[PDB]
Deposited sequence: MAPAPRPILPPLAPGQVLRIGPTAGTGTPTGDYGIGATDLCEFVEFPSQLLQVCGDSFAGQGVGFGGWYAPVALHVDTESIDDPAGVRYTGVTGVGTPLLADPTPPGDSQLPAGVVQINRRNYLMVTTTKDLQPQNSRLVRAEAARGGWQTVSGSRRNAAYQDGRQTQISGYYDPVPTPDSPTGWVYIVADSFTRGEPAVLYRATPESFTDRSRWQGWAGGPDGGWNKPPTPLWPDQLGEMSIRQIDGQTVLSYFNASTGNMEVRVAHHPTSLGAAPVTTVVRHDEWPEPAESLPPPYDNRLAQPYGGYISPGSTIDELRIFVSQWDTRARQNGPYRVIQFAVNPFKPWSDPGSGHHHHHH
């Protein structure tokens, strides 16, 4: 239906959504003390959602087992064409111990860790234990193949968000991510600067109608918010649409449906679905 700018309405432990052509997976973890992937009935993601299966109960969902006393939790998704990468952050007493990349598969489990992708929790000033990313194939001087833009922050929600970019070719090598720095002395491939001072949490970023759309949990405000910008490097200057306020008690999540429109995003929070026509910089 027709929604007004900024108008949001409700349609009807830690989980993350991975979208494969034939299956939507809800990868959920414990946070205490395995990580499983629930097959979501796509027909039910509108009917005020049912599941048709689960991966990771019999055989494990991840190839690397969980160290005793630790917990492996999903912490962001990057989709490059049809390659799906999930960040898995292992915590101990809820303190992040390390983060790694994992190649997600739809039909089976035993998801393999991306070779060489493990980093301790202190990596990059502790602002790369939670991420979201999207691929823009538009060529630029530095890349004929485009860029995977990646927003990152701390799994613990105590740090602001920063922006990296990687060529689709080189994304799997974390050491090749180029941080974005604002300011006269800034630019790409520099120690990244906070997009803005608020302490952020979980993020979902996607290009809709050529627009960078970021749905995130703002921990400073404690609300599920949305930002729309023309380029990710301007997300800090983007207008904010509050989606879930505190409306619902202690929100968390904010997954942008692939079938979202620039004037009608469908955002899942926890799962409840919200339709929001966000404020746009024009």
item: Chain regions without C-alpha coordinates, deposited sequence numbering; value: 1 to 9, 22 to 38, 60 to 69, 85 to 86, 285 to 300, 325 to 337, 350 to 361
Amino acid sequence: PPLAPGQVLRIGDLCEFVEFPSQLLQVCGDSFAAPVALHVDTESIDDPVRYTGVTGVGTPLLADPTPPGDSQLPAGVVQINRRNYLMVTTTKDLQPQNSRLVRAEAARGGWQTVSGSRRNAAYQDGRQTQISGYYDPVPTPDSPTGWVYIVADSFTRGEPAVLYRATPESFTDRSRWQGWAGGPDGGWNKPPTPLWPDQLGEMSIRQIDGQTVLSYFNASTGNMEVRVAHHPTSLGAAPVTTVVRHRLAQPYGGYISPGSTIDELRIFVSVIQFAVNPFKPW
From here on, numbers count along this sequence of modelled residues.
{"query": "Greater mean Cα temperature factor according to the PDB record, 72 to 80 or 89 to 97", "finding": "89 to 97"}
{"query": "183 to 191 versus 199 to 207 - greater average Cα B-factor per the deposited record", "finding": "183 to 191"}
{"query": "Identity of residue with top Cα B-factor, from 34, 240, 62, 214", "finding": "34"}
{"query": "Relative C-alpha B-factor of residue 39, binned into the chain's lowest, middle or highest third", "finding": "highest"}
{"query": "Ranked against its chain, the third holding the CA B-factor of residue 231", "finding": "middle"}
{"query": "Modelled-residue ranking by C-alpha temperature factor, third containing residue 221", "finding": "middle"}
{"query": "CA B-factor ranking of residue 157, expressed as a third of its chain", "finding": "middle"}
